Amino acid sequence: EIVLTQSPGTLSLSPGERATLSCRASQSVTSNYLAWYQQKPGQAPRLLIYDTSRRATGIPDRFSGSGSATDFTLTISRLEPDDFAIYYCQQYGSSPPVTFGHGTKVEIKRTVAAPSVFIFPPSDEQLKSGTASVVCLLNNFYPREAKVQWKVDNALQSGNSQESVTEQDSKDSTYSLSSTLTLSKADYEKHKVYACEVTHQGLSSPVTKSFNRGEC
Amino acid sequence: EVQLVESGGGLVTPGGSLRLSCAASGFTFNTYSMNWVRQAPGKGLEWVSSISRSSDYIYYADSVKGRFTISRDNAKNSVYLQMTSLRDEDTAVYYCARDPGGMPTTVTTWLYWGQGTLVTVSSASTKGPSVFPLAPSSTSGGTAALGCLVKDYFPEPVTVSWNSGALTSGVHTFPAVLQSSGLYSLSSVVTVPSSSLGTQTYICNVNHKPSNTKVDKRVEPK
Ligand SMILES: O=P(O)(OC[C@@H](O)[C@@H](O)[C@@H](O)CO[C@@H]1O[C@H](CO)[C@@H](OP(=O)(O)OC[C@@H](O)[C@@H](O)[C@@H](O)CO)[C@H]1O)O[C@H]1[C@@H](O)[C@H](O)O[C@@H]1CO
Ligand SMILES: [Zn+2]
């Protein structure tokens, strides 16, 4: 098989700038049978370029492909917030085994924005079910990097929370993050203070949102 | 208008069999190779198999040879993929794909793609989710937050809308996470001005098609 190595793994640039993506092949690709795809989360791949340099129909001129043999390049000029996606290269000049690269993920850079933080006690409905989930929300922030720590009665938690992050927003290029702490219903009723502590580049000091098990 | 529509995916036990369909329209079907390409959750793309315009040339990836069989009917504008002896490594979104046209061989690159049908290979049983409300409290710069916790379901996917689609601004529906128990979980949140909590009702419309689950939950202040 022909191995395709894409670089860089992740790309972060500002709107209007130029993104240069590399695709290197372990063997020479016959007749420049190399394609480029764009894939946004939740969607099928979008063919941008095939035959190294031929733009697919409807693709703007800001997407240009070049190269030959073992070195291929996709160039995305005048970057839009629409361009948040992973970009794959795909060769088809070999024998039936056609191969794909592992992708270059492109993020749109913007000014630093601190998150707004919210915390949700487990619903009375869920406590009626025998389980307890505590949710901490981070909304409309940038960059993606953020530290979220759970403290139960001031005791730092570990390994009992799972995070999930949204795609970069189409308009303001921000992220939103959720952190869900899981614990038994018995231990939830055995403690009072539940706090979510957030560290982010847009905050001079970490922010803490908390509640006591008797609020309303 | 070129359209490809896959169908037939779902939950299947390891070692089982599943047949996928793909109907096409908007082009002369009988002059095109048809192709199946899959993508495992969180990974890249992998070509599965292709078939020439009149079924004379049939190609497979080594990972599916002797297990998957591709076929087509030009009178029904359909290409099919019969899968047998399914493995965990076969869990993927399966795409129907077509080349840009005028291509020199059966397997090249693909301009048109279907929506894709999700195939989940596991012996875990189907389970619909529980939908718990995330009540708004009493305020960052006048902003409140509410949501719905969609907990413990299998398999993927679930969809979430708010007020039957009327509410879209400020909504953040997070990708699901796989818990240690093997069941999935996700949250869908909305931020709203605090005073809107008294002048508007908020209902999350959760849909888990693999279990025929439709849940509308009214989210209210505690
Ligand atoms: O049989 P396969 O697997 O075929 C592989 C590809 O050649 C086709 O999938 C296709 O892209 C060709 O363009 C198609 O065929 C027309 C030429 O015979 C092309 O027309 P075209 O010149 O592209 O003009 C129109 C089309 O672009 C499109 O708009 C139209 O069809 C919509 O209704 C296009 O339709 O393999 C071929 C190949 O190895 C060789 O031709 O011999 C094999 C015989 O089986
Ligand atoms: Zn690979």
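First listed ligand is number 1; within each ligand, the first listed atom is number 1. Residue numbering restarts at 1 for every chain, and letters A, B, ... go by the order of the sequence lines.
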Please state whether the rings of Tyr33(A) and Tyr92(A) are parallel, tilted or perpendicular, taking 30° and 60° as the class boundaries. parallel

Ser52(B) N/O to ligand 1 N/O under 3.5 Å: no

Evaluating non-hydrogen atoms only, which member of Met34(B), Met103(B), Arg98(B) is closest to atom 7 (O) of ligand 1? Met103(B)

Tell me, which protein residue and heavy-atom name are nearest atom 36 (O) of ligand 1, and how many Å apart are they? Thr106(B) OG1, 3.4 Å

Tell me the protein heavy atom at minimum distance from atom 11 (O) of ligand 1, and give that distance in Å. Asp99(B) OD1, 2.5 Å

When you measure from the centre of the six-membered ring of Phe29(B), is the NZ or CZ of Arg53(B) under 6.0 Å away and within 45° of the axis? no

Does any N or O atom in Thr28(B) lie less than 3.5 angstrom from one in ligand 1, N or O only? yes

For atom 28 (C) of ligand 1, what is the nearest protein heavy atom, given as residue, atom name and distance? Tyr32(B) OH, 3.4 Å

Test: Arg98(B) cationic atom under 6.0 Å from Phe27(B) six-membered ring centre, within 45° of axis: yes

Below 4.0 angstrom, counting only protein heavy atoms, does anything approach atom 22 (O) of ligand 1? no

Could you list which atoms of ligand 1 come closer than 4.0 Å to a heavy atom of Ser33(B)? 3 (O), 8 (C), 9 (O)

If you scan protein heavy atoms around atom 5 (C) of ligand 1, the nearest is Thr105(B) O, 3.3 Å

Side chain or backbone, does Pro104(B) bring an N or O within less than 3.5 Å of an N or O on ligand 1? yes

For atom 43 (C) of ligand 1, find the nearest protein heavy atom and state the residue, atom name and distance (0.1 Å precision). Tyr57(B) CE1, 4.4 Å

If you measure from the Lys or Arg side-chain nitrogens to the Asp or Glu carboxylate oxygens, is any gap between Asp61(A) and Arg78(A) under 4.0 Å? yes

Within 45° of the six-membered ring axis of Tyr80(B) and under 6.0 Å from that ring's centre, is NZ or CZ of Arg19(B) located there? yes

Starting from atom 18 (O) of ligand 1, find the nearest protein heavy-atom neighbour and note its residue, name and distance. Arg53(B) NH1, 3.7 Å

For residues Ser12(A) and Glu107(A), is any side-chain donor paired with an opposing acceptor at under 3.5 Å? yes

Is any side-chain heavy atom of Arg110(A) closer than 4.5 Å to one of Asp172(A)? yes

Among non-hydrogen protein atoms, atom 32 (C) of ligand 1 lies closest to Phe27(B) CB, 3.7 Å

Check the orientation of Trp110(B) and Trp113(B). Use parallel for under 30°, tilted for 30 to 60°, and perpendicular for over 60°. perpendicular

Does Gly26(B) reach ligand 1 with a nitrogen or oxygen that is under 3.5 Å from one of the ligand's nitrogen or oxygen atoms? no

Taking all non-hydrogen atoms of both residues into account, name the closest pair between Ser33(B) and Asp99(B) and its distance. OG-OD2, 3.2 Å

Would you mind checking which non-hydrogen protein atom is closest to atom 20 (O) of ligand 1, with the distance to 0.1 Å? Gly102(B) N, 4.9 Å

Side chains of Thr174(A) and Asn140(A) only: does a donor on one sit below 3.5 Å from an acceptor on the other? yes

